[PDB]
Structure formats: structure tokens, C-alpha cells
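Visitor: Supplied in C-alpha cells, the structure appears directly below.
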Ligand SMILES: CCCCCC(=O)Oc1ccc([N+](=O)[O-])cc1
Ligand SMILES: CCCCCC(=O)O
Ligand SMILES: CCCCCC(=O)O
């Protein structure tokens, strides 16, 4: 009997009533479409912003599509948020996380660049990482197409995108971009392997992200368990940038986030650890269906402003 907020519980009960096919039982196109539909019905609508523009940058496999969000038509030099969507490196796109990006841009009053990175199984590991790194370096170079100057970058993302957040910060730590990572925000990230964790067993079914979906994503992406680009708990934490780790108490991969924040403390790094109580994985994108999750996102926003000082 873990604690569940009443509005969270109602949402889980509706998912249980729906009782759909698993991701593995659907076609890939169907699995991706179902995620579009979930966030479409569950998340708050997009904020209005002065700037919402599609861009691209060069990557190792070809052009990488991007989307720029800014509440301001004109802005001086400052940090730029570089966002990587969740979806297991298999599903999601610029639209599944669009509304959340408009919210981050509105509430932070900073520009946000979302990355449409290549997906598995068509593009296995490390394709997503290659694209997130390349796009982040590109933003960090203050290209003219961006129309903003970056004094620093702020990698952020949910779930797989939280994995990408940490990996990108490690890659740029080892080989700097034109400006530093001034803050990273991995939100319910995969950092250590969740297999064998107590959270994975406790929350394997009925908490939005299932063990079955985790296995489906793992089989498609094919990350090597010994590769720090796949499991960034294995990386060097001694110069990690300022970090905010946000987890959910009902998340099967909660303990992976716990592990990462513990490793940052162990290495003497500054970190805010926030474990949202009574909500699940994906809480950043269900803010209409579960209204209390808007408050959880606002807590991350407040921690970001504090850590940016
Ligand atoms: C349709 C159920 C939600 C699954 C998609 C999602 O919520 O984003 C995730 C991305 C990556 C991982 N993972 O690394 O296991 C888990 C979840
Ligand atoms: C192991 C899953 C239940 C949560 C107990 C804890 O907070 O560590
Ligand atoms: C149950 C595990 C206790 C803490 C392990 C550590 O300090 O890395």
C-alpha cells in the first residue's frame, strides 16, 4: 500500500479500465501514436509564446531537427536550456513534449531548444546520445540561426531524456563545448541499470511506466551495460555540474535516480534531490489529468532558479 495522491489514483484507475495492448504487442507506429495520444489528453495545453520555431543543425548521421521556444522575441546573452524528450529512446518526438517545453520556457523565462533525436530500434544506441550531444554543442556555439547568444547551456530531459541529460553533461565535461554546462536537470532519469532494483519490482505494473515497457525499450535501444553512455552512473562524477535530480516515489526506476544523486554527493558535487510523493513516472506531462503534478513541475522550476543564482 504505497501512498498515492487521489488525483494520481484516479488516473491510474482509468488506465487500468482502458487495459490496452502492451507496447510490444503494437506496431512501432501504433506504439508511438499511443504516446502522442496519452500526452495529448493528459497534459496541460501549450503556453502562448513569442517564439516557437523549427530549426535544424548538422549531426553525425545528417541534419537533426530542433525546436526553439522563447517567451521573448529578443533576448540578451544568457543560459539556453537544451531539452531531450523521454520515450525510452524508442517513442516520443517534438510534439509529445511540446507543451511541457512551452511551460519550461514560460516559467523560466529562458530559451528552450528541444532535440528531435534519432530513435531505436531503427537507430540503436548510441544514436540518440550522438544527436543530443551534437545539438547541445551546436546551441552552445551561439549560431546565427538561433538568434540568441548562449553564455552556458542547461541540459534537461525526462526518463530517457534524463539519461541523455547526464550523458551529455559528462561528454561536454570531458571535451568542452564553447560554453559550459551551468546546470543539469535529469528528471526521473535512467542512470544505473534498473534491473534488480527494489523500485522496479515494487512498481512493475500499474504505475504508468511498466517493467514490460522498460524491457521493450531496452531490447530496441541495445545499450551496452558497461558503456557509460548507456548507464552514466558508470561515468566520472568528480566534476559534475550543478544538478537537480527529480524522481517520483512510485517510479519503477526511482532507485536509479536515487543512485545518481547519491553518487554526486559521494563525489562532493552540489545537488538538489527532489522525490515527488504519491505520483508516478511521467508526472511532467500529465498536468491536466493529474492537476497536482503542475505543482511538482513548479518545484523543479523553483530549484532551477535557485541553482542558477
Ligand atoms: C507509455 C508509457 C510511458 C513510457 C514512456 C516514458 O514515459 O518515458 C520513458 C523513457 C525512458 C525510459 N527508460 O529509460 O526506461 C522509461 C520511460
Ligand atoms: C521499495 C519500494 C517501496 C519504497 C520504500 C522506500 O522509500 O525506499
Ligand atoms: C542500503 C544502501 C545504503 C547506502 C549505500 C551507499 O552509501 O552507497
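Read the figures in this text as sums done on the coordinates, not as results from a lab. Cβ sites come from the backbone with ideal geometry, for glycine too, and all protein chains shown count toward neighbours.
Visitor: With the structure loaded, tell me whether residue 249 is farther than 25 Å from residue 172 by Cα and more than 14 Å from ligand 1 (Cβ to nearest atom) or whether it fails that test. I'd like the intermediate steps shown before the answer.
Guide: Working: farther than 25 Å from residue 172 by Cα: yes; more than 14 Å from ligand 1 (Cβ to nearest atom): yes.
Yes, satisfied.
Visitor: From the list 279, 272, exactly one residue is assigned to a loop (DSSP other than H, G, I, E, B), away from ligand 2 (no atom under 13 Å from the Cβ) and touching a residue at least 12 places away in the same chain (Cβ under 8 Å). Which is it?
Guide: On the way: 272 fails: assigned to a loop (DSSP other than H, G, I, E, B).
Result: 279 is the single residue among 279, 272 that is assigned to a loop (DSSP other than H, G, I, E, B), away from ligand 2 (no atom under 13 Å from the Cβ) and touching a residue at least 12 places away in the same chain (Cβ under 8 Å).
Visitor: Give, as residue ranges, the helices (runs of 4 or more DSSP H) completely inside segment 150-248 that count at least 3 residues that are at negative phi and within 16 Å of ligand 2 (Cβ to nearest atom).
Guide: Output list reads 198-202.
Visitor: Under 6 Å by Cβ, and 6 or more places apart or on different chains, what pairs join a residue from segment 291-309 that is within 13 Å of residue 275 (Cα to Cα) with one that is part of a loop (DSSP other than H, G, I, E, B)?
Guide: Close Cβ pairs (under 6 Å, with a partner that is part of a loop (DSSP other than H, G, I, E, B)) amount to 293/279; 293/286; 293/287.
Visitor: What single numbered condition from (1) surrounded by 22 or more Cβ atoms within 10 Å (Cβ to Cβ); (2) free of Cβ contacts under 8 Å to residues at least 24 places away in the same chain fails to hold for residue 73?
Guide: (1)
Visitor: Buried (at least 17 other Cβ atoms within 10 Å of the Cβ) and in a loop (DSSP other than H, G, I, E, B): is that true of residue 291 in this structure?
Guide: no
Visitor: Return the pair list, or none, for Cβ contacts closer than 7 Å from residues in segment 244-263 that are under 10 Å from residue 200 (Cα atoms) to residues that are in a strand (DSSP E or B) and within 11 Å of ligand 1 (Cβ to nearest atom), at least 6 apart or on different chains.
Guide: Sorted first by the residue in segment 244-263, then by its partner, the pairs are 254/248.
Visitor: Restricting to segment 99-126, count the residues that are more than 30 Å from residue 307 (Cα to Cα) and either free of Cβ contacts under 8 Å to residues at least 24 places away in the same chain or out of contact with any helix residue (DSSP H, G or I) (no Cβ under 9 Å at 6 or more places or on another chain) (or both).
Guide: The number of residues fulfilling the criteria is 1.
Visitor: Can you tell me which of 211, 222 is surrounded by fewer than 21 Cβ atoms within 10 Å (Cβ to Cβ) and within 11 Å of ligand 1 (Cβ to nearest atom)?
Guide: Matching residue, one of 211, 222: 211.
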